[PDB]
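Pasting the sequence and an experimental structure:
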Amino acid sequence: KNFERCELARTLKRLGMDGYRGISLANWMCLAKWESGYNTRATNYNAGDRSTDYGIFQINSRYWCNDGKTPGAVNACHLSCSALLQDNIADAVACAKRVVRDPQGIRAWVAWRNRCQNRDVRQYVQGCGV
């Protein structure tokens with residue numbers, strides 16, 4: 001499913017993402033935008049280390065979810081990577097929260113550092129009623 005901007009903003013807000021561990025909704029939107037373009041079915045195989053990024057947040061199989069084909073991987077979110085490919089983003093949001101509970105916080109995603117950190121992210125939630 002490809003979410004429309006404001007639709008996603010409220011979906012994330014209802015899921016408890018607004019200010020989760022100090023992370024604003026605009027930051028989460030900027031993350032999803034640059035990671036998948038708001039596409040829940042987005043996937044990226046990393047030939048270099050044999051891992052795969054799944055869903056709207058492009059969560060990696062090496063540490064977060066289990067797909068059974070990533071060498072020496074763990075499943076910190078305790079989810080089949082398949083759960084990160086559903087139209088319903090509840091499980092992906094639960095896993096994204098797990099990711100940020102670690103020391104790096106939102107910085108875990110390099111794309112957030114590249115395109116959201118110290119950037120004007122207000123545009124992501126303007127007019128969405130959040």
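Received it, and whenever you're ready, just let me know what you need. Residues are numbered from 1 along each chain as shown.

From the centroid of this structure, which residue is nearest?
residue 57 (2.3 Å; C-alpha atoms, centre = their mean).

thought it was touching residue 96?
Yes: with contact defined as C-beta atoms under 8 Å, residue 57 reaches residue 96; the gap is 5.0 Å. Heads up, the C-betas are built off the backbone N, CA and C, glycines and all.

what's stretch 115-130 in contact with?
5-6, 9-10, 13, 18, 24-27, 29-31, 33-34, 106-107 (C-beta atoms under 8 Å, 6 or more residues apart in numbering).

For that stretch, list every residue counted as buried.
116, 121, 124, 125, 128, 130 (16 or more other C-beta atoms under 10 Å).

how much space between the closest residue to residue 66 other than its chain neighbours and residue 40?
Using C-beta to C-beta, 6 or more residues apart in numbering and skipping the chain neighbours, the partner closest in space to residue 66 is residue 75 (4.0 Å). The gap separating residue 75 from residue 40 is 20 Å, by C-beta to C-beta, to the nearest Å.

Looking only at neighbour counts, state which of those two leads.
Neighbours were counted for residue 75 and for residue 40 using other C-beta atoms under 10 Å; residue 40 has more, 21 against 18.

pretty sure the more buried one contacts residue 87?
Yes: at 5.8 Å, residue 40 counts as touching residue 87 under the criterion of C-beta under 8 Å.

Need the overlap of contacts for those two.
Joint contacts of residue 40 and residue 87 (C-beta under 8 Å, 6+ apart) are residue 1.
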